[PDB]
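Contents: one structure, followed by commentary.
Where a number appears in this text, it was derived from the coordinates with a stated rule and is not lab data. A quick note on method: Cβ atoms are made from the backbone with ideal geometry, for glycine too, and the neighbour counts reach across all protein chains shown.
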2 protein chains.
Amino acid sequence: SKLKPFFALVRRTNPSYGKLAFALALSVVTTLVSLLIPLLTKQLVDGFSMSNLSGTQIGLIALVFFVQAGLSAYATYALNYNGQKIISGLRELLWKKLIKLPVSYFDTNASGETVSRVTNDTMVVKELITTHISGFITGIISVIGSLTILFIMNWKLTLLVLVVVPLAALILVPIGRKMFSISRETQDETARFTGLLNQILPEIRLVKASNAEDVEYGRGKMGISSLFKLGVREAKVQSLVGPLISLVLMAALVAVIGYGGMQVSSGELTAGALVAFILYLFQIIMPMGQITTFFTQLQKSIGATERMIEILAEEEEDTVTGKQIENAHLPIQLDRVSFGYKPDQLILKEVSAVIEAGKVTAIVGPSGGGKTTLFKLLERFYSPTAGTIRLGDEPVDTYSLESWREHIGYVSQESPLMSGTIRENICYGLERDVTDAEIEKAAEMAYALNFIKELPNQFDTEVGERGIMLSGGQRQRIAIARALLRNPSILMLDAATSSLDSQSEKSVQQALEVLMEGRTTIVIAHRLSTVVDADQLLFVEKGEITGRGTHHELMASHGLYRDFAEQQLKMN
Amino acid sequence: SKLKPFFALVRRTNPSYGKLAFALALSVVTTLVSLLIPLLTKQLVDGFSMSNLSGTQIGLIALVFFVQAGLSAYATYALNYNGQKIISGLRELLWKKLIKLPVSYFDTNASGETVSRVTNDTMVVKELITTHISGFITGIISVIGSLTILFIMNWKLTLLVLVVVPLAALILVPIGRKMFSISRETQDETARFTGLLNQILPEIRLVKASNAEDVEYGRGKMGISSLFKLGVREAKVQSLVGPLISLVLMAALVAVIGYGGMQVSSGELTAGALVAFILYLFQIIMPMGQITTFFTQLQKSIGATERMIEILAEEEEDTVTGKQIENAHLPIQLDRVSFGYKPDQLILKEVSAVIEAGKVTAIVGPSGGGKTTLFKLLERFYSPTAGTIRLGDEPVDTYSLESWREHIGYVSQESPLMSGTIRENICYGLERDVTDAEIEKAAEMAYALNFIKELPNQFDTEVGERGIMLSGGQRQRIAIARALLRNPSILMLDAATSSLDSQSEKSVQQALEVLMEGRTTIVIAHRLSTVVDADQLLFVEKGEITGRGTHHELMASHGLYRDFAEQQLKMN
Ligand SMILES: CCNc1cc2oc3c/c(=[NH+]\CC)c(C)cc-3c(-c3ccccc3C(=O)OCC)c2cc1C
Ligand SMILES: CCNc1cc2oc3c/c(=[NH+]\CC)c(C)cc-3c(-c3ccccc3C(=O)OCC)c2cc1C
């Protein structure tokens, strides 16, 4: 029942059965031919006794090794290679989700967990497929075949004295559990001691201040003493643990192998059957670890499959929206948008705003306010619940999010560089037209070409795998350039010039505002220095808009102290 | 040669040889009796042929197990418990050093490294002593005895074909190295892939904004496919590693054990000799892993001893030196004092300041310019290569200045809550609590108890481990009270945080200013609150110190063009 989702997930990558079935059958044949080795060995002993049959068999035996290896080789590869083909394409699908699926909010839950999914659960499924399931089948067949060979081989006598040994050795596991618990409490006490010293030593200043060492050291004398006491206990426990694993195992060997002594002394004709029995003893000892590891790993594998099937669900609606792109220079309206992230949690409520075409709009409010949510709903990253975004004849619901977001240029305060060469950011967003080498003039109108004219190579200027060898205030110029050179329709900025120290601020403004002041702008602001240039300001508080109009008129009308106090406190 | 420091370090805790020698002898006897076991197992097998004498001797084996384990217990216990007696004592010594030894600058180098040195490194030494050296001796004795027994037991025939097996199996180790290298490069490429996705996924806002998923997805296709390619390679390598092991070992078995078959078919009287040999086989395979682990761990253990002896070196000798501290109220003069960290990097240079019996003395300056070092220089955390400090030249530094430390009223950001209660802080002050019967009403006089009157118990009130549940100002006031209640002759203060500015600072200021109306103080807290609380200033720049009088004349002379910068920066 629970394996049906896993089988379906494997079926998602269909190139599986045709060679996987052959690989599994090949491994079964490998196990079967492996079970015939000790039978050949048991005939070889009698041949060596006399001589010539021994030479001939020593040969044949060699053969039944190499094929047993050789075939097995072509077995595991035919599995293992296919295992990668099972994983790779699977990752493919997951990637085809984890970039197409995530509407921004879905990716705001946990980026680290999501990235760890497609790098750990894939490995877990690979281990389950390539080794663990084949190991399970191989171990099951090997164990049952060895048992049946020992039944038909003897009079269920040596087999009986063998199978009795695990029954008595079952008592060994509780000793192991006791040792594990004692050891674990030992490291627990060690961690407590380490915490005590990591609390005392960093505060050595106060200890030295009042010559208190005579008592502080005293505490340490307690600490180690506790450890010592605990140590004594484990030693005593180890005194009863150490020999016991050594003891019973001795008996176990003497219980079984020496038992075969009868069979080779006077009981039966077991001279070579004894070496065959020892070979089968190794044959059965080998796969127990594999079988128990598979039985343990099955739960982790099914959990990984559950996370995969959870992630694979749902899909974005870029094409589902439609295709109604046009001049897209109409004024924007917000009407009674009332939602945050949940229907019950109303971060925003009953908001209406007007933004005229070609008019600069800025947003001011507290950090805990709805400024960020307002910005993300303007960029349509959040699906509206009840409020309406208004353009000519209500086209936003069918305004081709691909094309609508194409018309939008974006820039943020963080300005994080996408790692790689500078050519990545140079050509990013220029899809459907490489435009040849006109990028240089687009850069120079943005005042970035002259700045970057330090010019190591213009394409080998790699920001690095971590993207760290560039100033934080540097990416603003290239971001403005890339926004302007393809999408000069509407731009959105999020406090990208707060910390440029009024020197890079002027440098980036004399490009941006000079080149694109004729287009619609939406701005999230942190300072009054950038809102004076804005024709319209919107003040957010308590999840509601309470400020409309020009900076001075709104400031005198309703902004007043409600904004002076906050802005000066930020200044202070 | 290199083991001489380790032997000396063990000798530092002398309760060692008397029982360790007996434990080693008992372990050797255990090895001998274990080696004797398989010889007994042969006669019992000729006896299993005989029947009666076999039952009687099958007995004796039981005894020679219960002794073999039994004595071994009293061996390992005597080796283990007594072993702890070293480590505990060793830690003892370390603690007796790690509090007496460290002058403040010695502790400034590292804190977590030292607790690692005193816990994990002691654990390594314990693992060397209690098990690894006994493991080495046991393995050597067992291997030599097994070889000698097989020599005197099988004349150059079975032993030779046995020892040939490791010679051929030596080729396995290069295969293991190849597999390990391939696997390691596999996780390296996996880590590279994880880094790529950790670069990309957090940037999903920008990725979606420019609707470039179509190309970004391509990058993912470049990633997994590479892994797939690499995976294919390792699979091929795995195809040539898996069976080969299962070949080379298995042939080995039939190379030797099947060989023993001839010895029991027509060779000679090997019926019980075969089972004795197969049992010696495990008896010799066991200690190989132990001897290898000991050889690997010897280097780590000798490094452990090196770190131990490095830590134990040198000791702070101010404890006994010095005498005749009676008044602690004569004028103090600093003159010609210059020291940083090394004779070529003097942070401080030829400075002189006078405090006399004045009310206060405040140090002002840029961060790192000398404010932080003078605070500890006055109260002797560092011993400078500097001029004399005229307190009579502290009687030419002949005061018992370790005992003079019972004059500090150290103030800081604090939160140095050692142990876990307020009564723990009381116990911390047990230096001279012979009059502890009357100190709590002094705390009432110290104005603290009224604030502490919100007491849950006040006799066992837990401050929480690491002290993360108390207000900062609460620790401020309680520390001030605990300092002043006995030894208020000298006050140390250094404040760098102003989170709870108004209430906490005003309360502590009024309380202290009431509570040292007749004592000299040293304070470095802030620009202007400090001076309106203290009314005297000193200023340090580039090491050099200057100041004479109250704030106003210092500003008129020195602060006219320098201190306004600090005022504006702190106002920001
Ligand atoms: C005092 C002299 N002999 C000491 C002798 C010992 O003899 C052993 C022989 C063995 N071979 C014959 C079947 C095996 C497998 C384990 C043995 C143990 C042993 C017991 C418990 C855990 C580990 C071992 C151990 O060393 O690990 C082996 C997996 C053992 C242990 C000690 C301390
Ligand atoms: C392709 C089918 N799956 C496998 C089948 C295997 O057959 C093995 C059979 C013996 N067989 C008796 C004929 C031994 C000793 C190891 C075997 C190994 C083996 C090889 C290298 C290292 C460890 C083992 C292993 O499991 O550890 C034991 C040393 C092994 C491993 C796998 C994955």
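Among the listed pairs A:349/B:208; A:97/A:371; A:126/B:236, give every one whose C-alpha distance is greater than 18 Å.
Among A:349/B:208; A:97/A:371; A:126/B:236, the Cα-Cα distance tops 18 Å for A:349/B:208; A:97/A:371.
Normalised by the residues of the stretch A:439-572, what does the relative contact order come to in percent, with Cα pairs under 8 Å and at least six apart? Could the numbers behind the result be given before it?
Working: 107 pairs, mean separation 25.1, N = 134.
Rounded, it is 19 percent for the stretch A:439-572.
Work out how much length residue A:506 to residue A:101 would gain on full extension: take 0.36 nm times their residue separation and subtract the Cα-Cα distance, in nm to one decimal.
Here the answer is 141.9 nm.
Going 7 Å from Cα along the Cα-Cβ axis for the label, what nanometre distances separate residue A:544 from the same residue across the other copies?
List, nearest first: 6.4 nm.
Round to the nearest 0.05 the FRET efficiency obtained for residue B:572 and residue A:346 when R0 = 35 Å and r is the Cβ-Cβ distance.
In this case the efficiency is close to 0.40.
Quick check for me: using +1 on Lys/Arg Cβ and -1 on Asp/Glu Cβ, what's the dipole size of the stretch B:243-372 about its Cα centre, in debye to the nearest 20?
460 debye
Using alpha-carbon positions, what is the distance between the centroids of the stretch A:7-52 and the stretch B:358-407, in Å?
One Cα centre to the other: 83 Å.
Name the residues of the stretch B:397-427 whose amide N is less than 16 Å from a point 7 angstrom out from the Cα of residue B:357 along the C-beta direction?
Nothing falls inside the zone, counting backbone N under 16 Å.
Starting from the Kirkwood Rh over alpha-carbon pairs, what translational D in µm² s⁻¹ does the stretch A:39-96 have by Stokes-Einstein at 4 °C and 1.567 mPa s?
Rounded to a whole number, D works out at 90 µm²/s.
Given a Förster distance of 25 angstrom, what is the FRET efficiency for residue B:367 paired with residue B:110, based on the Cβ-Cβ distance and rounded to 0.05?
Efficiency, rounded to the nearest 0.05: 0.65.
For residue A:359, give me every one of the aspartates and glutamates with a C-alpha distance below 14 angstrom, ignoring sequence neighbours fewer than eight places off in its own chain.
Counting by Cα, and skipping residues close in sequence, residue A:359 has these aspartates and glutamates nearby: A:513, A:517, A:533, A:535.
Let me know the mean shielding of B:67-76 by other chains, meaning the per-residue number of their Cβ atoms within 10 Å of its Cβ.
4
For chain B, what is the mean residue ellipticity at 222 nm derived from helices alone (per DSSP H run of n ≥ 4: -39500 (n - 2.57); sum divided by total residues; nearest 500 deg cm²/dmol)? Please list the in-between numbers first.
Values: 22 runs with 352 residues, N = 572.
When only DSSP H runs of four or more count, the value is -20500 deg cm²/dmol.
Which values of log₁₀ I(q)/I(0), to two decimal places, follow from the Debye formula for the protein assembly as shown at q = 0.05, 0.10 Å⁻¹ with a uniform point scatterer at every Cα?
-0.60, -1.29
Can you quote the Å³ per residue value for the convex hull of the Cα atoms in chain B, rounded to an integer?
Details: hull volume 171.5 nm³, N = 572.
Expressed per residue, the convex hull around the Cα atoms of chain B is 300 Å³.
Can you give the extra length, in nm with one decimal, that the chain gains between residue A:450 and residue A:466 once fully stretched, where that is 0.36 nm per residue apart less the Cα-Cα distance?
3.2 nm
What percent antiparallel are the DSSP beta bridges of chain A, to the nearest 5? It would help to have the intermediate numbers written out before the result.
Numbers: 12 of 30 bridges.
Once the DSSP bridges in chain A are tallied, antiparallel ones form about 40 percent.
Local charge sum around residue B:126 (other residues, Cβ-Cβ under 13 Å, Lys/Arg +1, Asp/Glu -1)?
Once positives and negatives cancel, what remains is 0.
Within 10 Å of each residue's Cβ, count the other Cβ atoms and sort A:74, A:81, A:561 from fewest upward.
Lowest count first: A:561, A:74, A:81.
For label points placed 7 Å from Cα toward Cβ, what is the shortest-first list of nm distances from residue A:310 to its copies?
Those separations, rounded to one decimal, come out as 4.7 nm.
Please give the charge dipole size of the stretch A:211-252, origin at the Cα centre, charges +1 on K and R Cβ atoms and -1 on D and E Cβ atoms. Round to the nearest 20 debye.
240 debye
For A:398-407, what's the mean count of beta carbons from other chains sitting within 10 Å of each residue's beta carbon?
Per residue, the number of nearby Cβ atoms from other chains is 1 on average.
Where both residues lie in the stretch B:320-572, what percent of DSSP beta bridges are antiparallel, nearest 5? Intermediate values should be presented prior to the final figure.
Numbers: 10 of 19 bridges.
Beta bridges within the stretch B:320-572, antiparallel portion: roughly 55 percent.
With an 8 Å Cα cut-off and a minimum separation of 6 or more residues, compute the relative contact order for the stretch A:1-319 in percent.
Normalised by residue count, the contact order of the stretch A:1-319 is 34 percent.
Among B:427, B:112, B:329, whose Cα projects farthest towards the positive end of the dipole of chain B, with charges put on the beta-carbon of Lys, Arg (+1) and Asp, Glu (-1)?
B:112
Taking beta carbons within 10 Å but only from partner chains, what does the mean come to for residues B:83-91?
Neighbouring Cβ atoms belonging to other protein chains average 4 per residue here.
Which value in nm describes the separation of the simple spin-label points at residue A:558 and residue A:186, placed 7 Å from the Cα toward the beta carbon?
It is 7.2 nm.
Could you tell me the center-to-center distance, by alpha carbons, between the stretch B:537-572 and the stretch B:280-305 in angstrom?
67 Å
Residue B:497 label points, 7 Å along Cα→Cβ, one per copy: pairwise distances from this copy to the rest in nm, shortest first?
Ordered by distance, the counterparts are at 3.8 nm.
Under 18 Å Cα-Cα from residue A:542, which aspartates and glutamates qualify once same-chain neighbours fewer than 8 residues away are excluded?
Cα-Cα hits under 18 Å: A:335, A:344, A:350, A:563, A:566.
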